[PDB]
Amino acid sequence: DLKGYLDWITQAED
Amino acid sequence: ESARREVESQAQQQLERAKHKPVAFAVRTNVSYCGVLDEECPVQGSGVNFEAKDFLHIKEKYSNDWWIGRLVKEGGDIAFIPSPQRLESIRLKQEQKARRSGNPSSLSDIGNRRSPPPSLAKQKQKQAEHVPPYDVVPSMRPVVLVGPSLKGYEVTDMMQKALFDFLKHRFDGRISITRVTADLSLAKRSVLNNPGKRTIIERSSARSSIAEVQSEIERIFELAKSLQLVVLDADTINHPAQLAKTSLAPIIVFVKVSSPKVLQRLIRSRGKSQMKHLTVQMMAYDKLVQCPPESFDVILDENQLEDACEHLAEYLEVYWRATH
């Protein structure tokens, strides 16, 4: 549940 | 009767001719009624079997007692919806079949107290609230993303922004997304005839930003009149209950973290400017999940981006097909 919620939470802007 | 059969043919012809016309506006119901069981319908057998909290679309004008409309379901045909006055009349018919409606109790007391029905037994009274059976809601329900915490912070903003980006790209040519900095929780309808008509009054409401809030309400209705999909990007929403009593009735989409431990580990890795707001952010996480799921429209609890995106897309795609 963490791997999918970590890349997506940052790649939108960064 | 030659009059009823002739008007039946004209009404059926009108429905066929008007089946290819633009939709004018829409209303929302709040009572359980059937459009087929009524004997006053101009066309019999073509009514609507709707329930409480249903959505109908209106295209053309018939009279002050009836209207032409269609459902928002997939393959919905054209039905007849009673007018608000007709619904008010049929509401009085629901409370008159009982033994009594006014003050005089019928507990084996007949012949002594006639007690003619006063104004308190009619629709003139009970005007303290007077909830309207029909409301002028926007043409479609808007789409809003809420949670898992307050907006304006780093942890929250990219998740909706990326989701907005996916919606914008997939729905290219049919999406209109705008950011509303004004408030949206103050969309009232029974406050005053005209609160703050002029800005030169120099009153409490004239000098405030309330007039901006109501001005944006009509913008949504006109934007929804265009038939294109619209998603609101407002950052003044933290709970569906704040917008539950409004006339907008948006699509409450809830995206939530699987466990509080997962969220409290994402905030730690963000940056020192964000753990200062960890205490308040966790407060919204627990209070928002305490809301029952039936309050929300669709849930997004999947741990993968691909799983949730197409899960939300099919809900939006079926709405586009059903409303056409």
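FYI the Cβ positions are ideal-geometry reconstructions off the backbone, even for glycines, and counts take in every protein chain you see. Each answer follows from the model by the rule given with it, or from the source it names; nothing here is a laboratory result.
Numbers below:
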read-out	value
Failed item in (1) within 30 Å of B:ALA121 (Cβ to Cβ); (2) surrounded by fewer than 17 Cβ atoms within 10 Å (Cβ to Cβ); (3) in contact (Cβ under 8 Å) with a residue 40 or more places away in the chain; (4) touching a helix residue (DSSP H, G or I) at 6+ places or on another chain (Cβ under 8 Å), with B:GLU88 passing the rest	(4)
All positions within region B:247-279 that are under 16 Å from B:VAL146 (Cα atoms) and away from chain A (no Cβ under 14 Å)	B:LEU248, B:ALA249, B:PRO250, B:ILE251, B:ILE252, B:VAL253, B:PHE254
Per-region count, region B:167-222, residues acidic (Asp, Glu) and closer than 20 Å to B:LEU145 by Cβ	3
Boolean, B:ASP54 is more than 18 Å from B:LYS21 (Cβ to Cβ) and in contact (Cβ under 8 Å) with a residue 24 or more places away in the chain	yes
Region B:103-149, residues that are outside any loop (DSSP other than H, G, I, E, B) and exposed (fewer than 11 other Cβ atoms within 10 Å of the Cβ)	B:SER119
So B:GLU294, is it assigned to a helix (DSSP H, G or I), among the acidic types (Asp, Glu), within 14 Å of chain A (Cβ to nearest Cβ) and exposed (fewer than 15 other Cβ atoms within 10 Å of the Cβ)	no
Options B:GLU222, B:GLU317: the member that is under 23 Å from B:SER176 (Cα atoms) and within 18 Å of the chain's Cα centre (by Cα)	B:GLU222
Lone unmet requirement of (1) within 19 Å of A:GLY4 (Cβ to Cβ); (2) more than 14 Å from every other protein chain (Cβ to nearest Cβ) for B:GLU218	(1)
Matching option when the condition is in contact (Cβ under 8 Å) with a residue 40 or more places away in the chain, more than 14 Å from chain A (Cβ to nearest Cβ) and within 19 Å of B:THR156 (Cβ to Cβ), among B:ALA244, B:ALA308, B:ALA234	B:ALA234
Of all residues making up region B:144-163, the number that are within 9 Å of another protein chain (Cβ to nearest Cβ) and over 14 Å from B:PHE254 (Cβ atoms)	6
From the options B:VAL253, B:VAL262, residue that is in contact (Cβ under 8 Å) with a residue 24 or more places away in the chain and in the same structural domain as B:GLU154 (by CATH)	B:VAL253
Those residues of region B:280-291 which are assigned to a helix (DSSP H, G or I) and more than 14 Å from chain A (Cβ to nearest Cβ), in sequence order	B:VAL280, B:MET282, B:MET283, B:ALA284, B:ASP286, B:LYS287, B:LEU288, B:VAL289
Meets criteria (touching a strand residue (DSSP E or B) at 6+ places or on another chain (Cβ under 9 Å) and surrounded by 15 or more Cβ atoms within 10 Å (Cβ to Cβ)) for B:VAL257	no
The lone exception for B:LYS97 - which of (1) within 22 Å of B:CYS41 (Cα to Cα); (2) charged (D, E, K, R); (3) in contact (Cβ under 8 Å) with a residue 60 or more places away in the chain it fails	(3)
Single condition B:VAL213 does not satisfy, out of (1) in contact (Cβ under 8 Å) with a residue 12 or more places away in the chain; (2) surrounded by 15 or more Cβ atoms within 10 Å (Cβ to Cβ); (3) in a loop (DSSP other than H, G, I, E, B)	(3)
Qualifying residue in region B:65-82 (condition: in the same structural domain as B:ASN30 (by CATH) and over 25 Å from the mean Cα position of the chain (by Cα))	no
Residue ranges of strands (runs of 3 or more DSSP E) in region B:1-95 with at least 1 members more than 25 Å from B:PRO250 (Cα to Cα)	B:55-61, B:66-71, B:78-82
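For (1) more than 16 Å from the chain's Cα centre (by Cα); (2) of a type in the set (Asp, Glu); (3) on the phi > 0 side of the Ramachandran plot, each residue gets a yes or a no:
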residue: B:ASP235; (1), (2), (3): yes, yes, no
residue: B:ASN238; (1), (2), (3): yes, no, no
residue: B:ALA241; (1), (2), (3): no, no, no
residue: B:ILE251; (1), (2), (3): no, no, no
residue: B:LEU263; (1), (2), (3): yes, no, no
residue: B:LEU266; (1), (2), (3): yes, no, no
residue: B:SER273; (1), (2), (3): yes, no, no
